[PDB]
């Protein structure tokens, strides 16, 4: 089967891949500062709906440790005290960008924890990395099957990856992802893609349009059906 093949291959990546291949870049990092009121911290956590957040020093200097949202539950009882960024400040692990993904997985599983901090040679933070970013390597081409079709063109699938119906219009796609794609020649996403290709692709084929990775998720002998796109 294909979806097996995908995973199988995804396994082979883990060797070849380094940590600098899966990290959330520092820009994209949703974090906190040791000097933030308990009240406001919850907003960040809620809008983002994560589980672990890096804590910036105070002057964007260093970054102290990591806060797990679940630790905030103690502070919620009756005979419960006031929160303070101290009991729940787990210090945090740092790793080179050069670190091998396989190795990361081992340590992840063995020390039992989910997020680390990636740094460059020069001691700057490049970003962060997590266990799920690893499993996505194997499990990321994996999704359900759709027949008639669903009003939902676009679906988030992993961090940077959406599974979009090919029949979705360039109009509707551009709105959603805020993209600047063009029609006239073609009106739907599958036509855009098929045009970039210049032939009718088969599943797995990939093509770069304007820094966006498009991969033929699903296609027959007449037409592209589903395509995954990776936001840059």
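Residue numbers count along the first chain shown, from 1.
The PDB entry reports B-factors from which the mean C-alpha value can be compared for 82-90 and 103-111; the larger average falls on 82-90.
Two stretches are in play, 24-32 and 56-64, and the higher mean C-alpha B-factor belongs to 56-64. Which of 120, 150, 133, 143 has the largest Cα B-factor in the deposited entry comes down to 150. When the C-alpha B factors of 125, 76, 138, 95 are read from the deposited coordinates, the top value falls at 76. Per the deposited record, the Cα B-factor of residue 190 falls in the lowest third when ranked against the other modelled residues of its chain. Ranked against the other modelled residues of its chain, the C-alpha B-factor of residue 180 as given in the entry falls in the highest third. Among all modelled residues in its chain, residue 164 ranks in the lowest third by Cα B-factor. The PDB entry assigns residue 170 a C-alpha temperature factor belonging to the middle third of its chain's modelled residues. Annotation for residue 199: CA B-factor lies in the middle third of the chain's modelled residues.
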